[PDB]
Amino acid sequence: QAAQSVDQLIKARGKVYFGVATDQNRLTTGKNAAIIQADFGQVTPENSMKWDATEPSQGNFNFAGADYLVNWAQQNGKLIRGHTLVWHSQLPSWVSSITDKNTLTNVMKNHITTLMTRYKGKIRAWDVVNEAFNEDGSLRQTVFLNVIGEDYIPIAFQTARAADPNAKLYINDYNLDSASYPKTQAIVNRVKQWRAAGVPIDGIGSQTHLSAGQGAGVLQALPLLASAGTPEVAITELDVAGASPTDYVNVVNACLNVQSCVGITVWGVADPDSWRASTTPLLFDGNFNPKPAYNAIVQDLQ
């Protein structure tokens, strides 16, 4: 645990939180729990709330891991972002085997409703639809799009709003880091259109999985995302290859510059546990010590 808390400091700047991804396996090992208790104010389950973990067989739900995280977060006063309801990856074979529209629609709605009701009122925001866009801006052809059609997105959001009206509903994606990139422009246009049609999309989540030097582009991309008119935008899965203080400070500044940016979530605590460990992209090193980038963020926020 670093003496200075980036969550406390970003709250003092007027934002809601600075959080991290975690789960039971991290919370019960090393210094993870201590670091999260002291330096962060929000948690996102890395895997425990995904479809494969929660509904491995239709109608046979498993909430053991999710319950652990939600209870831990509640006891320690941390906000929670549910992740993620509709996604083509980590999807059980029984789902992708369905070719009937009525069936898949009902299965999808039941999955959304069951997960959201269980934690009704305890989840700040949910990543309802994840990675629905192709790099060229068109919609990714997943089983949901192929079987249900474009309406699967409006249906997912309408169903989520009904299950828990307290939660902020997000569409989440990666490679929305450059204002000139087709994907960035497309999600803004589609979200504008969906909201105009009454679809309840409260926020756009930008994963922000960056390579060295890409932080600068976020200074323009984030305000562009905010122009879609959603109540909120957030940096949801931040990590930067090389963990340069320059890239990290640029991302934090981008959020500070955008009124609707509510917070930032970094994807993990210590480098070894990163999904991209070879690029040592996080804020704490292998020995759980804060890295230069962490200190740079603290200094930038003071």
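In this text, residue numbers run from 1 along the sequence as written.
According to the PDB record, 288-296 carries the higher mean C-alpha B-factor of the two stretches 288-296 and 9-17.
Per the PDB record, of the two stretches 209-217 and 143-151, 143-151 carries the greater mean B-factor over its C-alpha atoms. Going by the entry's values, 77 shows the largest Cα B-factor out of 203, 82, 165, 77. Annotation for 47, 265, 253, 37: 37 ranks highest, by Cα B-factor. For residue 51, the recorded CA temperature factor ranks within the lowest third of the chain's modelled residues. Among the modelled residues of the chain, residue 275 sits in the highest third by CA temperature factor in this PDB entry.
Residue 245 sits in the middle third of its chain by CA B factor, as recorded in the PDB entry. Placement of the Cα temperature factor of residue 58 within the chain: highest third of the modelled residues, per the deposited record. Ranked by C-alpha B-factor against the other modelled residues of its chain, residue 33 falls in the highest third.
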